[PDB]
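*Asks:* I have a structure I would like to understand better, so I am pasting it below and will then ask my questions one at a time.
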Amino acid sequence: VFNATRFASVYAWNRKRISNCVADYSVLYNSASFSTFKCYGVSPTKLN
Amino acid sequence: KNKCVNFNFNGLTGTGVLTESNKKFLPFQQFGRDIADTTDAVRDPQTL
Amino acid sequence: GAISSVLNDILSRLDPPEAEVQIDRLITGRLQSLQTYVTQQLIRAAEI
Ligand SMILES: *[C@@H]1O[C@H](CO)[C@@H](O)[C@H](O)[C@H]1NC(C)=O
């Protein structure tokens, strides 16, 4: 989802359903690749 | 078991003593609730 | 008005700056609930 070659236009925004796996959000939060990383209703550090 | 611990089952935090219960959970039921609508009895995420 | 009725969920989901706001909402509500209960009990105990 992050590294896909193309992203769909917002009017036809793509949706991917992530399930039945183990998610490591630390690699997402420590990376300086994102200009806007705002978690709403939850804290980014607490995600692990 | 039978020890006051800080337990965390699937993100369900709490503090209490975990004892082998005789509740008749159906195969789909995860955890029980009391009248106070608080966690009362659980299923171990690794063992049914 | 808080994100969850359970204190432990808010604590395990939010950083202290926002957990403070949510817990303040819950504290206000629950303290008003005790105030109501104690006032009713005082009136009822006078009747008794
Ligand atoms: C993994 O969990 C399953 C639950 O269905 C259990 O049967 C199995 O013994 C567990 N294996 C390990 C290595 O924890």
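In the structure tokens, each chain is lettered A, B, ... as it comes, each chain's residues begin at 1, and ligands are numbered from 1 in order of appearance.
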Run DSSP on the backbone of this structure and report the residues of chain A it assigns to alpha helix (DSSP H), as a ChimeraX atom specification.
*Replies:* /A:26-30
*Asks:* Just to be explicit: take each residue in the selection above, keep N, CA and C atoms, and write the result as a CSV table (one decimal), in the first residue's frame.
*Replies:*
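Resulting contents of result_25.csv:
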chain,number,residue,atom,x,y,z
A,26,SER,N,6.3,0.6,14.2
A,26,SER,CA,7.5,1.3,14.6
A,26,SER,C,8.3,1.8,13.3
A,27,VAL,N,8.4,0.9,12.3
A,27,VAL,CA,9.1,1.3,11.1
A,27,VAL,C,8.4,2.4,10.4
A,28,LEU,N,7.1,2.5,10.5
A,28,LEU,CA,6.3,3.6,10.0
A,28,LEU,C,6.6,4.9,10.7
A,29,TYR,N,6.6,4.8,12.1
A,29,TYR,CA,6.7,6.1,12.8
A,29,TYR,C,8.1,6.6,12.9
A,30,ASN,N,9.1,5.8,12.9
A,30,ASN,CA,10.5,6.3,12.9
A,30,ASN,C,11.0,6.8,11.6
*Asks:* Could you list, as a list in words, all residues that come within 12 Å of ligand 1? Count only C-alpha atoms and all ligand atoms.
*Replies:*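 Going residue by residue within 12 Å of ligand 1, we get residues 43, 44, 45, 46, 47 and 48 of chain B.
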*Asks:* Should the cut-off be 7 Å, what would the residue list for chain C against chain A look like, counting only C-alpha atoms, as a ChimeraX atom specification?
*Replies:* /C:12-15
*Asks:* With only C-alpha atoms considered, list every residue of chain C at most 12 Å from chain B, as a VMD selection string.
*Replies:* chain C and resid 5 to 13
*Asks:* Would you mind exporting the chosen residues as a CSV table (one decimal), in the first residue's frame, restricted to N, CA and C atoms?
*Replies:*
chain,number,residue,atom,x,y,z
C,5,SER,N,-15.6,4.5,27.4
C,5,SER,CA,-16.1,4.4,28.8
C,5,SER,C,-15.1,3.8,29.7
C,6,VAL,N,-14.1,3.0,29.2
C,6,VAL,CA,-13.2,2.3,30.0
C,6,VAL,C,-11.9,3.1,30.1
C,7,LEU,N,-11.5,3.4,31.3
C,7,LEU,CA,-10.3,4.2,31.6
C,7,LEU,C,-9.0,3.5,31.1
C,8,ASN,N,-8.9,2.2,31.2
C,8,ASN,CA,-7.7,1.5,30.8
C,8,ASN,C,-7.5,1.6,29.3
C,9,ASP,N,-8.6,1.6,28.5
C,9,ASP,CA,-8.5,1.7,27.1
C,9,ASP,C,-8.0,3.1,26.7
C,10,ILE,N,-8.5,4.2,27.3
C,10,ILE,CA,-7.9,5.5,27.0
C,10,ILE,C,-6.5,5.6,27.4
C,11,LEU,N,-6.1,5.0,28.6
C,11,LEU,CA,-4.7,5.1,29.0
C,11,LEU,C,-3.8,4.3,28.1
C,12,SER,N,-4.2,3.2,27.6
C,12,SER,CA,-3.4,2.4,26.7
C,12,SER,C,-3.5,2.8,25.2
C,13,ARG,N,-4.4,3.8,24.9
C,13,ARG,CA,-4.5,4.2,23.5
C,13,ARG,C,-4.0,5.6,23.3
*Asks:* In Å to one decimal, how far is CA of residue 28 (chain C) from CA of residue 39 (chain B)?
*Replies:*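 Computing the Euclidean distance for CA of residue 39 (chain B) and CA of residue 28 (chain C) yields 23.1 Å.
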*Asks:* So that I can check the secondary structure, give me every residue of chain B assigned strand (DSSP E or B) by backbone DSSP, as a list in words.
*Replies:* residues 4, 5, 6, 7, 8, 9, 12, 13, 14, 15, 16, 17, 32, 33, 39, 40, 41, 44 and 47 of chain B
*Asks:* Generate a file of the selected residues that holds C-alpha atoms, formatted as a tab-separated table (two decimals), in the first residue's frame.
*Replies:*
chain	number	residue	atom	x	y	z
B	4	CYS	CA	-2.87	-10.72	40.98
B	5	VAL	CA	-1.25	-9.68	37.69
B	6	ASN	CA	-1.41	-7.00	35.00
B	7	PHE	CA	-2.87	-9.10	32.20
B	8	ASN	CA	-3.14	-8.05	28.55
B	9	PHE	CA	-5.19	-10.29	26.23
B	12	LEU	CA	-7.64	-5.98	26.73
B	13	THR	CA	-5.74	-4.67	29.75
B	14	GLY	CA	-6.72	-5.27	33.34
B	15	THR	CA	-5.64	-6.40	36.78
B	16	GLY	CA	-6.94	-9.44	38.58
B	17	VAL	CA	-6.50	-13.12	39.34
B	32	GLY	CA	-17.91	-12.64	29.26
B	33	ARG	CA	-19.34	-9.52	30.87
B	39	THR	CA	-14.70	-7.71	31.50
B	40	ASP	CA	-15.46	-10.73	33.67
B	41	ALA	CA	-14.04	-13.87	32.00
B	44	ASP	CA	-6.74	-17.00	26.05
B	47	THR	CA	-5.62	-21.38	23.81
*Asks:* Interatomic distance between CA of residue 23 (chain A) and CA of residue 2 (chain A)?
*Replies:*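 That distance, rounded to one decimal, is 13.6 Å.
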*Asks:* Can you measure CA of residue 35 (chain B) to CA of residue 10 (chain B) for me? One decimal in Å is fine.
*Replies:* 22.3 Å
